[PDB]
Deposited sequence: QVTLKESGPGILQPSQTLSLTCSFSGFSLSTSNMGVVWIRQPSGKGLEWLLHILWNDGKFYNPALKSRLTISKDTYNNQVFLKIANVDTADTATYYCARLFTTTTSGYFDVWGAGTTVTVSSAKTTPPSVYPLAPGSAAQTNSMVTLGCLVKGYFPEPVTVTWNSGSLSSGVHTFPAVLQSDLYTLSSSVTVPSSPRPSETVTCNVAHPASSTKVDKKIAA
């Protein structure tokens, strides 16, 4: 029952201080060879070692970030506290804490947390604009979902009935705002003969809209 769980603010404006908590159980930071490490991974990119704190209060830092980093432990409540000072947008990533097992002859992270997502931007909550994308045996339609913040957005076709031939593309950042498109391929007969609408939700702004695609 070794477990770790990250907690954090979720969203932060630049220049601020990122505070992350790791709550762990199933092992003690009073036992030798034990530590907690922080690792981060920007969406779709590689992993980066930030720092770790050990059972004997030894601390080790990535020199590129060491000036901005602070870590402590509360061994009785099984928690490790991470602070990153002065965040810029490049500090946007998934953050993992994990148990470090370390000896004079081995090292590894054998149990990780699920991770917590951290977004650094000046942007404010902003609903999306939904625009219809209209033009063989098949026709492709689309839905442009533009200018929202923050992630995520759900896109569905005909409330779910259309599942095959649906692609929804990863969001992309444009002036502190996300834009994403969804694509649907149906036979040229069902459309415009029958109704094709995309259904778009943006829960952070309580946005729920349906947009029919007229020819």
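Residues 136 to 141 form the only stretch of the deposited sequence with no C-alpha coordinates in the model.
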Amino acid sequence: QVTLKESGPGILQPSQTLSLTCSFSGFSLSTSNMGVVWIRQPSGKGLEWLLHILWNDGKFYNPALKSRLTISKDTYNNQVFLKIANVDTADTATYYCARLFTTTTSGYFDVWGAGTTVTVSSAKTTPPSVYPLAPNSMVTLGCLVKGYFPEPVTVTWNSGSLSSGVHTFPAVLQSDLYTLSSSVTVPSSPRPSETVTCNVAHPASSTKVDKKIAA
From here on, numbers count along this sequence of modelled residues.
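Higher mean CA temperature factor between 2 to 10 and 205 to 213: 205 to 213, per the PDB entry. Look at the mean CA B-factor for 64 to 72 and for 36 to 44 in the entry; the higher one is 64 to 72. Across the options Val118, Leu82, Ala85, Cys143, the residue with the most elevated CA B-factor in the record is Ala85. Note on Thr185, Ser181, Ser28, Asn56: the highest value goes to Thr185, judged by CA B factor as recorded. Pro127: CA B factor in the middle third of modelled residues in this chain (values from the PDB entry). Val196: CA B factor in the highest third of modelled residues in this chain (values from the PDB entry). Residue-level temperature factors show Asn136 in the highest third of its chain, judged at the C-alpha atom. The PDB entry assigns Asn78 a C-alpha temperature factor belonging to the middle third of its chain's modelled residues. Ranked by Cα temperature factor within the chain, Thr89 sits in the highest third according to the deposited record.
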